[PDB]
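This report refers to the structure that appears directly beneath it.
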Amino acid sequence: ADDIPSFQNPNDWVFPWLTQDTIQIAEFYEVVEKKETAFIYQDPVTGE
Amino acid sequence: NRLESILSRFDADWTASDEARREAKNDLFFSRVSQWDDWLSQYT
């Protein structure tokens, strides 16, 4: 918490508002497809 | 120290919600007491 993050400002100063937070951080989601491997086992309970 | 943190939180909370509180208080005064909101600069 000692460094102050910053990012783009979505809101605007278009009103006689007193104060603003002025602390913006961002999160980045991404999706990939890689065709990973898998294991095939045998269930001890039923033979499936 | 503790009082300083409490007062800092309270000041941030009070300043962050000023316009809505002022407008709501004006609404209450307009709806309950009277409808002539000219107490300032009156009596002239």
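Residues in the structure tokens are numbered from 1 in each chain, the chains being A, B, ... in the order shown, and ligands are numbered from 1 in the order shown.
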Check every residue of chain A for an atom within 12 Å of chain B, counting only C-alpha atoms, and provide those that qualify as a list in words.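 Per the criterion, chain A yields residues 15, 16, 17, 18, 19, 20 and 21 of chain A.
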Find the distance between CA of residue 20 (chain B) and CA of residue 41 (chain B) and write it in Å to one decimal. 24.1 Å
Residues at most 12 Å from region 3-5 of chain A, counting only C-alpha atoms, excluding those fewer than 5 positions away in the same chain, as a PyMOL selection string? chain A and resi 21-26
Which of chain B fall in helix (DSSP H, G or I), as a VMD selection string: chain B and resid 2 to 16 18 to 32
Can you spit out the residues from that selection as a short mmCIF file (atom, residue, chain, number, x, y, z; two decimals), in the first residue's frame, using C-alpha atoms?
data_model
loop_
_atom_site.label_atom_id
_atom_site.label_comp_id
_atom_site.auth_asym_id
_atom_site.auth_seq_id
_atom_site.Cartn_x
_atom_site.Cartn_y
_atom_site.Cartn_z
CA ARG B 2 -6.21 5.97 16.63
CA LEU B 3 -8.33 9.12 16.84
CA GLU B 4 -6.41 10.53 13.86
CA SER B 5 -7.27 7.49 11.72
CA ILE B 6 -10.92 7.55 12.83
CA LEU B 7 -11.21 11.26 12.03
CA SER B 8 -9.51 10.79 8.65
CA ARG B 9 -12.00 8.06 7.71
CA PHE B 10 -14.90 10.21 8.91
CA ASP B 11 -13.68 13.26 6.98
CA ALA B 12 -13.29 11.24 3.79
CA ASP B 13 -16.78 9.76 4.22
CA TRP B 14 -18.32 13.16 4.97
CA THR B 15 -16.68 14.91 2.02
CA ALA B 16 -17.41 12.09 -0.44
CA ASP B 18 -21.85 16.13 0.41
CA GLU B 19 -24.00 17.05 -2.60
CA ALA B 20 -26.54 14.28 -2.05
CA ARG B 21 -26.89 15.14 1.65
CA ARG B 22 -27.34 18.84 0.90
CA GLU B 23 -29.98 18.18 -1.76
CA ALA B 24 -31.84 15.71 0.46
CA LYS B 25 -31.86 18.18 3.36
CA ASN B 26 -33.20 20.85 1.00
CA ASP B 27 -35.91 18.42 -0.11
CA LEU B 28 -36.91 17.69 3.49
CA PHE B 29 -37.07 21.40 4.34
CA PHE B 30 -39.08 22.13 1.18
CA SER B 31 -41.56 19.31 1.79
CA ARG B 32 -42.09 19.68 5.55
#
A straight line from CA of residue 9 (chain A) to CA of residue 30 (chain A) spans 22.3 Å
Separation of CA of residue 35 (chain A) and CA of residue 48 (chain A), in Å? 24.4 Å
